[PDB]
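Just below is one structure, and these are the notes that go with it.
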Amino acid sequence: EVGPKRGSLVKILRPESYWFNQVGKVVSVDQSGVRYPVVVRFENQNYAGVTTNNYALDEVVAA
Amino acid sequence: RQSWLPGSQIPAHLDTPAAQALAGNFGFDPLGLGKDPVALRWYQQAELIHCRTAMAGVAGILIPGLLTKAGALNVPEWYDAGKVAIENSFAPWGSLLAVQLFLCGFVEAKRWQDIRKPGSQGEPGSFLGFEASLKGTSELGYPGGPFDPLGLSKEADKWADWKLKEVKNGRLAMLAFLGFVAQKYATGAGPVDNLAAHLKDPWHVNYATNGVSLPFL
Amino acid sequence: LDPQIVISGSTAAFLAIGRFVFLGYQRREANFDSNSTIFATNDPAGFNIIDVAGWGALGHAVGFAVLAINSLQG
Amino acid sequence: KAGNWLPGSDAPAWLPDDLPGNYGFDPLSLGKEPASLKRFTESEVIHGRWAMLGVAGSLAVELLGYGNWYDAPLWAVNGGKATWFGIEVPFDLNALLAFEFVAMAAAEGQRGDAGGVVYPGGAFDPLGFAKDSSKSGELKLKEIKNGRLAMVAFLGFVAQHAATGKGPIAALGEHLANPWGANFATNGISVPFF
Amino acid sequence: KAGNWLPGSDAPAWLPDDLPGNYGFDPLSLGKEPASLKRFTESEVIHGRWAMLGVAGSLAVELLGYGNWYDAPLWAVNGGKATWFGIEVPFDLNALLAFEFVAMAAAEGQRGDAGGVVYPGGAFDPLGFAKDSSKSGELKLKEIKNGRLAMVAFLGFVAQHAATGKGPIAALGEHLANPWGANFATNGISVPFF
Amino acid sequence: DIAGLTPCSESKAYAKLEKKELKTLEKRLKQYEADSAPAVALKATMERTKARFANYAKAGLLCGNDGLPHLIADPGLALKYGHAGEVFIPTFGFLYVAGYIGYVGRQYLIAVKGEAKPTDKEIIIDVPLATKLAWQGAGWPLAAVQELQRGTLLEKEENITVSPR
């Protein structure tokens, strides 16, 4: 139950991330004590062609 | 529901109850300039001012021009009346335009502030007691008080009809003045002269024979 | 134009405005401006030798500018 | 408040009600900061007083008959002597700059050292017309209104002179002789397309 | 109420019955608010008194053979001296504007400082013609009616002068001599087509 | 007049250049027949040259020492000496057409951005939507001013990606 709801839209707060200040869909949130449990999928790929990434609880905000 | 094009899809922004309350609503907006309600309200005020100004100007051009055709008056053409009037005048056109700009700017600024805030011109102790009469009615662009001295706007039964007679006529006047300009650049004579020339021979005196409106023919 | 009178008057005037008019403002601005030698003087208002040199320099520049302009005859 | 500069418009929240001459006129929001507004108040009062004295002097010289305000310093540029009220002044331009510089430096230095005092009182008010602060609010409004009017008048003096070459009294008489034919719209300088 | 301006019409609810000269005439609803009605009432009484003085002066000056009301200030346009009842006055136009301005400013300031008083009494009524408030309402009606008639008469004076060129007494004699041949319809500007 | 230039209707170098162009065209025409295709084409070119020179002189253009027309870009000088047709009116004409194109493109992007696959609409143009927006773009200045006044023309700073500084 920790973290954002699955399927919701969040804004990335990681400064070095390609999707900084961008909206992405929440895929899954790990229930353990991992550093980056939130899984976010994006519509636009980065320079490496990846569309998903892992972020911490404080690195994503419900937007 | 009267429409400007039977069968055409009327825009959704012109079908709302607020937009349908405007006079002369025929669903005519192909460019979609009135999609924004604030923009629609501003354009409604602009259309009302244009209607009244065009009606006054077209009347001042047509009635003296029609009386000049007969022996009632001797008013010159509208495109030449400015020079004739400024010749035997007490002031040059620049000084007159400056005084006009100041006098018009005062009332236009008051109307602008009323558009931004309806009824805001009724601030007590601001216009020597005349501010009580400067508050418009519930409809923007339709004030009472000093305006409308006959009180013909108090009767609601004819109110909706009266507005329909003001916008439509105004729209016609807006086109009339436009024609007055185009004809001046296509025939070189006044509107009454063009009307008489066309009535004398309509099958040969029209815009298809002036050599300007149809450059490919 | 007497050069001595003009120079003496300009220097005395600048020293007077620096000792009785702008001394408090200068002291307030110098303290708020934040190895050294303390030029302590017996002047009751703290007007030291450095202030004398600065105000005298300004007075001399003003006096020589006035003398120069008057010498140009215009 | 003294009134409303725009009837029907909301007054700015940064303008206090007890401030004299508060008409709510601040479209550019220059006095939004409280520190800037404090300096602007004394600056406006000082400007109004200086403009009142300047306009009064400019009108007095032309009314009495000693030229206009623009032709007054013309004696110091090409072999002349200053004449106050028709009496020859025994001071040249070199002595005037020293006296004025020292006097103004001392007076303005004391005023600056005071700490932004707008209404000193005491020695500056020997008649005691503002001894009580209750009635001083109405008298301050008259001072700020006359100051703003005098500032506008001095700006008009400079503009009308730069556009025509005549003094304020001479321009007034010309306008009275021909209002429609002699104004800012007929000088050929203000509006270039008229 | 004094009467009905439009027979068959209902009097407005914002006009008090005890108001002098209340005929229920307010189609534009100008005096709808009570604050505006007070100022307009005082303004109407002042206008009526000034109009009565003006019309009486114009009629007397043209009936005594000292010119009409329009040619009275013509002496200060081409050079001359003003004459009152045939007696020369040595005051030029410049000294008249200053004295009139000072006197009118002082009198009007004293009148306005009372808070908009329409019927002061006391020093202004040394004969005591309105000592009792019972007969005060009747005389007030006569004053407002005579003032309204004087205002209409002055407007007629200005309009008939701008339309013909002659004075009020000269226009009355011309109309008495030829009523059908001399009226507003024969001046040439009131009716354009005819 | 302006900048020491002279009107093209009075410039001697302008008429000299016109004579030179007509002279070389006539010289080339002298080698052909009188009722052939090259003769007719050369005569048409000569008439076009004469009409162009007369139209440029009639327009009131200013010519320099070289006899060539010079344009006035200052709005004050152009409006004061009747040169607004050189650089002023074409300026506003370009601004209208350029803003027209930009507004139509922006409207198309905003319209297709709310679909399932906006990139597909970007490579395969939706002709009906593009035609409708192209026709509706005639009121682009009014619509743009309204969008700017409502605050919907720009995007917030928090919704735009930036580098880590």
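By convention in this document, the chains of the structure tokens carry letters A, B, ... by their order, each chain's residues are numbered from 1, and ligands are numbered from 1 in the order they are shown.
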### Who sits within 10 Å of residue A:8, only C-alpha atoms, same chain under 6 positions skipped, as a ChimeraX atom specification
/A:23-27,40,62-63
Suppose we keep C-alpha atoms; can you now write the selection as a compact mmCIF listing (two decimals), in the first residue's frame?
```txt
# COMPACT_ATOMS: atom_id res chain seq x y z
CA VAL A 23 4.31 12.76 -16.55
CA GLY A 24 4.56 8.98 -16.54
CA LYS A 25 2.25 6.09 -15.71
CA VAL A 26 2.86 4.02 -12.58
CA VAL A 27 3.35 0.32 -13.34
CA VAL A 40 7.26 4.43 -14.18
CA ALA A 62 1.16 12.72 -7.93
CA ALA A 63 0.66 15.14 -10.81
```
### Message
Select, as a PyMOL selection string, those residues of chain A with any atom no more than 12 Å from chain F (distances computed using only C-alpha atoms).
### Response
chain A and resi 10-23+43-44+63
#### Entry: Members of chain F assigned helix (DSSP H, G or I) by DSSP, as a VMD selection string
chain F and resid 2 to 4 12 to 29 37 to 58 75 to 80 89 to 112 118 to 123 127 to 150 157 to 159
Would you save the residues of that selection, restricted to C-alpha atoms, as an mmCIF file, in the first residue's frame?
```cif
data_model
loop_
_atom_site.group_PDB
_atom_site.id
_atom_site.type_symbol
_atom_site.label_atom_id
_atom_site.label_comp_id
_atom_site.auth_asym_id
_atom_site.auth_seq_id
_atom_site.Cartn_x
_atom_site.Cartn_y
_atom_site.Cartn_z
ATOM 1 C CA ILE F 2 15.893 60.733 -48.330
ATOM 2 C CA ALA F 3 19.631 60.029 -47.846
ATOM 3 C CA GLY F 4 20.540 62.286 -50.763
ATOM 4 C CA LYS F 12 19.675 59.896 -65.626
ATOM 5 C CA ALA F 13 21.367 56.597 -64.763
ATOM 6 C CA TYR F 14 17.935 54.942 -64.495
ATOM 7 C CA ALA F 15 16.967 55.958 -68.035
ATOM 8 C CA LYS F 16 20.471 55.055 -69.217
ATOM 9 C CA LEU F 17 20.114 51.553 -67.753
ATOM 10 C CA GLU F 18 16.705 51.165 -69.404
ATOM 11 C CA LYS F 19 18.213 52.206 -72.741
ATOM 12 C CA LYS F 20 21.109 49.766 -72.249
ATOM 13 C CA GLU F 21 18.776 46.830 -71.552
ATOM 14 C CA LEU F 22 16.561 47.691 -74.514
ATOM 15 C CA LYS F 23 19.680 48.114 -76.672
ATOM 16 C CA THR F 24 21.065 44.659 -75.893
ATOM 17 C CA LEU F 25 17.620 43.094 -76.413
ATOM 18 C CA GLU F 26 17.223 44.907 -79.753
ATOM 19 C CA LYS F 27 20.744 43.852 -80.758
ATOM 20 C CA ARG F 28 19.848 40.217 -80.099
ATOM 21 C CA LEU F 29 16.560 40.675 -81.987
ATOM 22 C CA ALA F 37 9.066 32.659 -82.395
ATOM 23 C CA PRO F 38 12.396 34.203 -81.179
ATOM 24 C CA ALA F 39 11.349 37.598 -82.551
ATOM 25 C CA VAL F 40 7.997 37.459 -80.738
ATOM 26 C CA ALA F 41 9.675 36.288 -77.518
ATOM 27 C CA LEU F 42 12.286 39.063 -77.688
ATOM 28 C CA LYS F 43 9.588 41.661 -78.394
ATOM 29 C CA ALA F 44 7.609 40.382 -75.403
ATOM 30 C CA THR F 45 10.722 40.663 -73.221
ATOM 31 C CA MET F 46 11.282 44.230 -74.464
ATOM 32 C CA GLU F 47 7.683 45.194 -73.672
ATOM 33 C CA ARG F 48 8.027 43.622 -70.221
ATOM 34 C CA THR F 49 11.229 45.606 -69.608
ATOM 35 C CA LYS F 50 9.579 48.879 -70.656
ATOM 36 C CA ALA F 51 6.528 48.160 -68.489
ATOM 37 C CA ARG F 52 8.730 47.247 -65.514
ATOM 38 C CA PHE F 53 10.764 50.454 -65.771
ATOM 39 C CA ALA F 54 7.628 52.588 -66.160
ATOM 40 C CA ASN F 55 5.948 50.827 -63.221
ATOM 41 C CA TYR F 56 8.992 51.265 -60.979
ATOM 42 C CA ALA F 57 9.204 54.956 -61.859
ATOM 43 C CA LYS F 58 5.441 55.372 -61.367
ATOM 44 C CA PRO F 75 8.605 53.549 -40.811
ATOM 45 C CA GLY F 76 8.788 57.301 -40.196
ATOM 46 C CA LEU F 77 10.476 58.153 -43.493
ATOM 47 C CA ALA F 78 8.328 55.648 -45.402
ATOM 48 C CA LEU F 79 5.086 57.042 -43.984
ATOM 49 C CA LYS F 80 6.220 60.664 -44.363
ATOM 50 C CA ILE F 89 3.030 46.892 -45.843
ATOM 51 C CA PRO F 90 5.025 43.813 -47.025
ATOM 52 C CA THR F 91 6.244 43.480 -43.429
ATOM 53 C CA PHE F 92 2.698 43.200 -42.100
ATOM 54 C CA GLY F 93 1.749 40.949 -45.014
ATOM 55 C CA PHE F 94 4.530 38.513 -44.187
ATOM 56 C CA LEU F 95 3.655 38.680 -40.495
ATOM 57 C CA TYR F 96 0.055 37.745 -41.296
ATOM 58 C CA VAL F 97 0.950 34.786 -43.544
ATOM 59 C CA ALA F 98 3.749 33.540 -41.248
ATOM 60 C CA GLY F 99 1.575 33.716 -38.149
ATOM 61 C CA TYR F 100 -1.163 32.029 -40.174
ATOM 62 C CA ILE F 101 1.086 29.049 -40.931
ATOM 63 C CA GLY F 102 2.426 28.861 -37.378
ATOM 64 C CA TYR F 103 -1.032 29.055 -35.815
ATOM 65 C CA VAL F 104 -2.445 26.373 -38.129
ATOM 66 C CA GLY F 105 0.471 24.058 -37.348
ATOM 67 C CA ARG F 106 0.173 24.653 -33.602
ATOM 68 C CA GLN F 107 -3.573 23.979 -33.715
ATOM 69 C CA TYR F 108 -2.964 20.734 -35.612
ATOM 70 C CA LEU F 109 -0.371 19.591 -33.065
ATOM 71 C CA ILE F 110 -2.661 20.397 -30.126
ATOM 72 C CA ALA F 111 -5.565 18.633 -31.862
ATOM 73 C CA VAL F 112 -3.658 15.415 -32.610
ATOM 74 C CA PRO F 118 -0.100 11.336 -32.179
ATOM 75 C CA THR F 119 3.108 10.304 -33.974
ATOM 76 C CA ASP F 120 1.034 8.370 -36.520
ATOM 77 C CA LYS F 121 -0.921 11.540 -37.250
ATOM 78 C CA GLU F 122 2.374 13.412 -37.514
ATOM 79 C CA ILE F 123 3.714 11.143 -40.262
ATOM 80 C CA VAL F 127 -6.282 15.813 -44.411
ATOM 81 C CA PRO F 128 -9.837 16.694 -43.174
ATOM 82 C CA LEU F 129 -8.598 18.064 -39.836
ATOM 83 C CA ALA F 130 -5.709 19.902 -41.516
ATOM 84 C CA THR F 131 -8.041 21.459 -44.102
ATOM 85 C CA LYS F 132 -10.532 22.539 -41.427
ATOM 86 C CA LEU F 133 -7.772 24.122 -39.333
ATOM 87 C CA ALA F 134 -6.253 25.764 -42.422
ATOM 88 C CA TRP F 135 -9.588 27.385 -43.239
ATOM 89 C CA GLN F 136 -10.212 28.375 -39.607
ATOM 90 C CA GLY F 137 -6.770 29.975 -39.314
ATOM 91 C CA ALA F 138 -7.902 33.226 -40.982
ATOM 92 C CA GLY F 139 -8.573 34.739 -37.569
ATOM 93 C CA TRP F 140 -5.156 33.804 -36.192
ATOM 94 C CA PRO F 141 -4.244 37.270 -34.726
ATOM 95 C CA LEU F 142 -7.508 37.610 -32.789
ATOM 96 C CA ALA F 143 -7.349 33.999 -31.592
ATOM 97 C CA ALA F 144 -3.678 34.372 -30.626
ATOM 98 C CA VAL F 145 -4.364 37.562 -28.657
ATOM 99 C CA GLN F 146 -7.262 35.842 -26.881
ATOM 100 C CA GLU F 147 -5.091 32.816 -26.055
ATOM 101 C CA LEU F 148 -2.355 35.083 -24.700
ATOM 102 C CA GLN F 149 -4.820 37.067 -22.576
ATOM 103 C CA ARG F 150 -6.379 33.920 -21.083
ATOM 104 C CA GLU F 157 7.688 26.146 -15.975
ATOM 105 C CA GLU F 158 6.983 23.082 -13.816
ATOM 106 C CA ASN F 159 5.699 21.142 -16.856
#
```
### Task
Record the distance separating atom CA of residue B:183 and atom CA of residue B:205, expressed in Å with one decimal.
12.3 Å
### Task
Find the residues near stretch 63-69 of chain C: any atom within 6 Å, counting only C-alpha atoms, skip ones fewer than 5 places away on the same chain, and give them as a ChimeraX atom specification.
/C:6-7,10
Resulting file, chosen residues, C-alpha atoms, as an mmCIF file, in the first residue's frame:
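The result, written out as again13.cif:
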```cif
data_model
loop_
_atom_site.group_PDB
_atom_site.id
_atom_site.type_symbol
_atom_site.label_atom_id
_atom_site.label_comp_id
_atom_site.auth_asym_id
_atom_site.auth_seq_id
_atom_site.Cartn_x
_atom_site.Cartn_y
_atom_site.Cartn_z
ATOM 1 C CA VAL C 6 40.074 80.653 -5.617
ATOM 2 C CA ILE C 7 42.212 77.695 -4.484
ATOM 3 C CA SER C 10 37.597 75.995 -2.670
#
```
### Message
Give me the residues near stretch 36-47 of chain D as a ChimeraX atom specification, where near means some atom within 8 Å (using only C-alpha atoms) and where sequence neighbours in that chain fewer than 4 positions away do not count.
### Response
/D:30-32,51,116-118,144,147,151
### Task
Return the single residue from D:1, D:166, D:131, D:111 that is closest to chain B, with distances computed using only C-alpha atoms.
D:1
### Task
Please provide as a VMD selection string all residues within 10 Å of stretch 86-90 of chain D, with the sequence filter that same-chain residues fewer than 2 positions apart are discarded (counting only C-alpha atoms).
chain D and resid 64 to 66 81 to 84 92 95
Using C-alpha atoms, can you export the residues from the last selection as a PDB file, in the first residue's frame?
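Final output, saved to part.pdb:
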```pdb
ATOM      1  CA  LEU D  64       6.215  91.318 -13.256  1.00  0.00           C
ATOM      2  CA  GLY D  65       8.028  91.817 -16.563  1.00  0.00           C
ATOM      3  CA  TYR D  66      11.583  90.474 -16.327  1.00  0.00           C
ATOM      4  CA  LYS D  81      24.637  91.052 -15.008  1.00  0.00           C
ATOM      5  CA  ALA D  82      21.940  89.476 -12.864  1.00  0.00           C
ATOM      6  CA  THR D  83      18.974  91.704 -12.011  1.00  0.00           C
ATOM      7  CA  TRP D  84      16.601  90.657  -9.219  1.00  0.00           C
ATOM      8  CA  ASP D  92      29.142  86.755 -11.042  1.00  0.00           C
ATOM      9  CA  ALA D  95      30.490  83.240  -7.031  1.00  0.00           C
TER      10      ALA D  95
END
```
### Query
By how many Å are atom CA of residue B:55 and atom CA of residue B:173 apart?
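Between atom CA of residue B:55 and atom CA of residue B:173 the gap works out to 5.2 Å.
Interatomic distance, atom CA of residue E:168 to atom CA of residue E:143: 22.9 Å.
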### Message
If we count only C-alpha atoms and set the cut-off at 9 Å, which residues sit around residue B:28, ignoring sequence neighbours fewer than 6 positions away in its own chain? Please answer as an NGL selection string.
### Response
:B and (3-5 or 10-11 or 14)
### Query
What are the DSSP strand (DSSP E or B) residues of stretch 28-155 of chain E, as a ChimeraX atom specification?
/E:83-84,87-88
